[PDB]
Each structure stands twice: as structure tokens, then as C-alpha cells.
């Protein structure tokens, strides 16, 4: 597990045991955004719902937003992901299978929206703590789009009464 922004947001891969989940807790993780698909989670936990219950049993609030390997969240999923990540700033962990591609893309997107970083800076930022972050062209294209649509995303994320 690695932090992109000390104790506010970090990434990791899929845990193999409950002890590894307790390691996240000791590190300061409090909320977990789960990105792998059901079948990927099941390789280590047998059942996706069981895994989510294990996260809750260990004091972590999870949100499952399945993204296919090598892909990116749909616009609807991205809205959900960002509303979730922005709801609480402390202890956010984002994870996929190994913590590189999908996770790196989401983390970079988070920096683009929250700090107004240009796509290249956001990518370098995540790669400094996680070599290989942002794996596919689709993910790279998605990030430039996030930068261009930054104002629109913020407006839609915070649309209130």
C-alpha cells in the first residue's frame, strides 16, 4: 500500500488475508474504494459480497465500483467515485488487483480535480509512489479528458439543493 497524499488518499492491490486488511487500518486507512470486477475479487475471497463484509467487519467502509482491467470508469461511475472520495478526506484507499493501472488512473484523476494539476503532472505524481501507474492509452486519454472537463465535473459533483 502507498500514499499519494499522506494519510488522505493512497492505493494498493487486492489483499490476500484479513491481516493485510488490518495492516491498512494501522496505516490510517478508513474507507476503501474497490475497483476490481467480481471475478478478480473472488480469486482471493471466493465471493465479492463476502469480501465487502470482511472490509466492514474490520472497520472499513467500502464502495464497490467495478472497472474492467485496462479500462476506465464510465462517466456515471466517475461521478459516483468522486462524490465518494470527496465526501471524507481522511484515510481513503483505492485498490484494484496490483495497485497499478486502474488505481493509478483514479488517483491521478483525483489530483487533477482536487489540485488542478495538468495531466502530465498528475501522472508523474502517482508514478513517483507507484511505478507503472496508468497503464493503457484509454486510461491516459481519460485523464486528459478529466483535466479538460474539470469545471464540469466539480459542478456536477456538488450539485445541491
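Residue numbers count along the first chain shown, from 1.
Legend: mean Cα B-factor per stretch from the PDB entry, 86-94 versus 72-80; the higher mean is in 86-94.
Remark: stretch with higher mean C-alpha B factor among 143-151 and 15-23 is 15-23.
The entry lists a Cα temperature factor for residue 118 that places it in the middle third of the chain's modelled residues.
Ranked against the other modelled residues of its chain, the C-alpha B-factor of residue 100 as given in the entry falls in the middle third. Annotation for residue 110: C-alpha temperature factor in the lowest third relative to the rest of the modelled chain, per the entry.
Annotation for residue 36: C-alpha temperature factor in the lowest third relative to the rest of the modelled chain, per the entry. In this PDB entry, the Cα temperature factor of residue 64 sits in the bottom third of its chain's modelled residues, the lowest group.
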